[PDB]
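Since the structure comes first, as C-alpha cells, the remarks are kept for the end.
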Amino acid sequence: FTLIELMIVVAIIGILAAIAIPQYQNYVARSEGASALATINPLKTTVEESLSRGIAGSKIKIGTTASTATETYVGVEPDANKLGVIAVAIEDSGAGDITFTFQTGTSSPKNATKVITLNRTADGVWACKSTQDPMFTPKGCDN
Amino acid sequence: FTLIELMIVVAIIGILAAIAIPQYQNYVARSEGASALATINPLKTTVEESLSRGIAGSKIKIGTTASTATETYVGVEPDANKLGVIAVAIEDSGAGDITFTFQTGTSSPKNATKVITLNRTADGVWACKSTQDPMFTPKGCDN
Amino acid sequence: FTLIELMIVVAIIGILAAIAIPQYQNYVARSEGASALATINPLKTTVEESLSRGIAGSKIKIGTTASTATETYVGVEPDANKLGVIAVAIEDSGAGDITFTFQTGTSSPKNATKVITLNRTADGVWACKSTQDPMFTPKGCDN
Amino acid sequence: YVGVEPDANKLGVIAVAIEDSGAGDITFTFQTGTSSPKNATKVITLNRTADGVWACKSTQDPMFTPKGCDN
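Chains as they are written, first to last, in the entry's author numbering: chain l, 7 to 149; chain k, 7 to 149; chain j, 7 to 149; chain g, 79 to 149.
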C-alpha cells in the first residue's frame with residue numbers, strides 16, 4: 007500500500023459524499039389525501055340508495071353488523087383505513103355529512119388533525135370541503 | 007520510503023476502519039409485505055365478478071388453463087411470485103379466503119412461514135388479517 | 007539512518023501487503039439484471055393500452071417518431087440503455103414478445119449474449135423467461 | 079462461498095459460523111507461528127445480533143486495539 011491510493015480513495019469518498027437530496031414530503035401529503043377521498047366517496051351511493059328506497063335517516067350507520075329491511079350498515083369499519091377515522095350521521099330530514107378525520111398516530115405531520123367532509127343539503131345537493139392546505143387538497147373540493 | 011509516510015498511512019487506515027453501519031433488515035421486511043399485498047389484492051375483483059355473474063364458487067381456481075363459460079381461471083400461477091405461494095378456495099356459499107404463505111427458501115427470515123389472508127363473509131364483507139409483526143404489517147390490515 | 011528503522015519499514019510493508027480481496031463479480035452480474043427488467047418492464051402498460059384501445063398489433067414499434075391516431079411509438083430508443091438492445095414485435099393476433107438482448111461491448115462477461123423475454127399469450131396472459139444463470143436471474147422469472 | 083481461504087492472511091485464521099436465526103460471529107484468531115509476540119493468541123470478533131445490529135470486540139491491549147472497537 008502507498009499514500010497515492012489512500013489519498014485518491016479519501017478524495018473519491020468526499021466527492022461521492024456530495025449528492026443532493028430534494029424534498030419528499032409533499033408527495034406523501036398528497037397521496038394521503040388522494041386515498042382518503044377515494045376511500046370515503048363511495049358511501050354517497052349507499053346514502054342515496056337508503057334515502058330514496060324508503061327508510062329514514064339516523065338508522066344509517068357504519069360497521070359490520072349485517073343488514074335487514076329497516077336499518078342499513080355499509081360494509082366498512084369506522085377505522086378500516088389506518089390513516090384516519092370515518093363518521094356518518096344522517097339527520098331525519100335527509101340532510102347529513104360524512105366526515106373523515108385524520109389521526110395523529112398514523113397520518114403525516116402536515117395532514118394531522120385535518121378533516122374532510124361531504125355534506126348533503128336538504129333539497130338534495132352534494133358538496134364537499136376540507137381543512138388541508140391548498141396544494142394538498144384534491145382536485146374536487148375547496149378549502 | 008520513510009517511517010513517517012508508512013505510519014501516517016497505517017493511522018489513516020485505522021481511521022477509515024471506523025465507519026458505523028446501521029440496521030437494514032426492517033427495510034426488506036417491510037418491502038416484502040408491501041409487495042405481497044400489492045400482488046394478491048387484485049384477485050378480489052375477479053372473485054366478485056365470478057360471484058356476481060352467475061357461476062358458483064369452488065370452480066374458481068388459479069393457474070393458466072384458459073377460460074370458458076362455466077369455470078374461471080385468473081391468469082396467475084400459484085407460484086408466480088417467488089416470495090411465497092398463493093391459495094384460493096371459494097366455498098359454494100360464496101364465503102372464502104385468499105391466502106398468501108411466505109416461503110422459507112426465498113422470503114426473509116423474519117417474514118418466514120408467515121401468512122396473510124383476505125376473507126369474504128357470507129353476507130358479502132371483505133376483511134383481511136396477517137400473522138407478521140406489528141411494525142411489518144401493511145397499513146391496511148390488523149394482526 | 008540506521009538498519010533497524012529500514013528493516014522495520016520493510017517488515018511493515020510486507021505485513022500490509024497481505025490484505026485479502028473477496029469476489030466482486032456477482033454483484034455487477036446481478037445489478038445488470040436488476041436494471042434490465044426494471045427498464046424493459048413498463049412497456050407492458052403501453053402494449054396493453056394499444057391492444058385494448060382499438061388499434062391492432064404490428065404497428066406498435068419503438069423509437070421517437072411522435073404518435074398519431076393509428077400507430078403507437080413508445081418514447082424509448084432501441085438502444086436507450088447502453089447495456090443491451092430492446093426489441094418488440096406484436097403480432098396481429100395480439101400475441102407477442104418484448105425481448106432484451108445483452109450486448110458484448112458493454113455488458114459484463116457473464117451476462118454477455120444473454121436474452122430476457124416477456125411473452126403475451128393469445129388469450130391474454132403475461133409470462134417471462136430468461137437465459138441467465140439461476141443465481142443471476144431476478145426474483146420474478148424462471149430460467 | 080466468499081472468495082477467501084480460511085488462511086489467506088498468513089497473520090492468522092478466519093472463522094465464520096452464521097446460525098439459522100441470522101445471528102452469528104466472524105472471528106479472526108492470530109497465529110503464534112506468524113503474528114508478533116504481543117498479538118499472539120489474540121482474537122478479534124464481529125457479532126451480529128438477532129434483530130440486526132453489528133458489534134465488534136477484541137482481546138488485544140487498549141493501545142493496540144483499532145479505533146473502531148472496544149476491549
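Beta carbons: idealized from backbone N, C-alpha and C, even for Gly.
Item                                                                                                                                                                                           : Value
Is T51 (chain j) close to the ligand NAP? I mean its beta-carbon at under 7 Å from any heavy atom of the ligand.                                                                               : Annotation note on the ligand NAP: not contained in the displayed structure, which lists no ligands.
Looking at chain g, which residues of the region 107-138 of chain j have a Cβ within less than 9 Å of any of its Cβ atoms?                                                                     : none
Taking the C-alpha atoms as reference points, what is the distance between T107 (chain j) and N149 (chain j)?                                                                                  : 15 Å
Can you tell me where the beta strand (DSSP E) holding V121 (chain l) begins and where it ends?                                                                                                : 121-126
I need the DSSP call for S64 (chain l), collapsed to helix, strand or coil.                                                                                                                    : coil
Report the partner residues of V91 (chain g) according to the DSSP bridge assignment.                                                                                                          : g:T107
CA-CA distance, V94 (chain l) and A133 (chain j)?                                                                                                                                              : 45 Å
So which of j:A42, j:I21, j:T71, j:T127 has the shortest CA-CA distance to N87 (chain j)?                                                                                                      : j:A42
Give the C-beta separation of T76 (chain k) and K65 (chain k) to the nearest angstrom, bearing in mind that I take them to be a contact with Cβ-Cβ under 8 Å.                                  : 7 Å
Please compile the residues from chain k whose C-beta is within a distance smaller than 9 Å of the C-beta of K145 (chain j).                                                                   : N87, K88, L89, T112
Anything in chain k within Cβ reach of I18 (chain j), meaning under 9 Å, just list it in chain order.                                                                                          : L9, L12, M13, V16
Grouping DSSP H, G and I as helix and E and B as strand, with all else coil, what is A133 (chain k)?                                                                                           : strand
Excluding sequence positions up to five away, which residues of its chain have a Cβ less than 7 Å from the Cβ of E38 (chain l)?                                                                : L89, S113, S114, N117
Using 8 Å as the limit for Cβ to Cβ distance, is residue 4 (chain k) near chain g?                                                                                                             : Outside the displayed span of chain k (7 to 149) sits residue 4 (chain k), for which this structure offers no information.
Using CA coordinates, which residue listed in j:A24, j:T8, j:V15, j:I19 is at the minimum distance from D85 (chain g)?                                                                         : j:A24
Can you give the beta carbon distance from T78 (chain l) to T52 (chain l), rounded, assuming they're within the 8 Å contact cut?                                                               : 7 Å
Can you tell me where the alpha helix (DSSP H) holding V34 (chain l) begins and where it ends?                                                                                                 : 32-46
Please work out which residues of its chain come closer than 7 Å, Cβ to Cβ, to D98 (chain k), disregarding the five sequence neighbours upstream and downstream, and give them in chain order. : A62, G63, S64
Evaluate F142 (chain j) with the Cβ neighbour count: other Cβ atoms within 10 Å of its Cβ, from every protein chain shown; 16 or more gives buried, anything less gives exposed.               : buried
For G100 (chain g), would you say it is in contact with chain k, using Cβ-to-Cβ distances shorter than 8 Å as the test?                                                                        : yes
Could you tell me how far apart the beta carbons of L22 (chain k) and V15 (chain j) are, in whole angstroms, since I believe they sit closer than 8 Å?                                         : That pair is no contact at about 21 Å.
In terms of residue numbering, what span does the alpha helix (DSSP H) encompassing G20 (chain j) cover?                                                                                       : 9-22
Would you mind sorting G102 (chain l) into buried or exposed? The rule is 16 or more other CB atoms within 10 Å of its CB.                                                                     : buried
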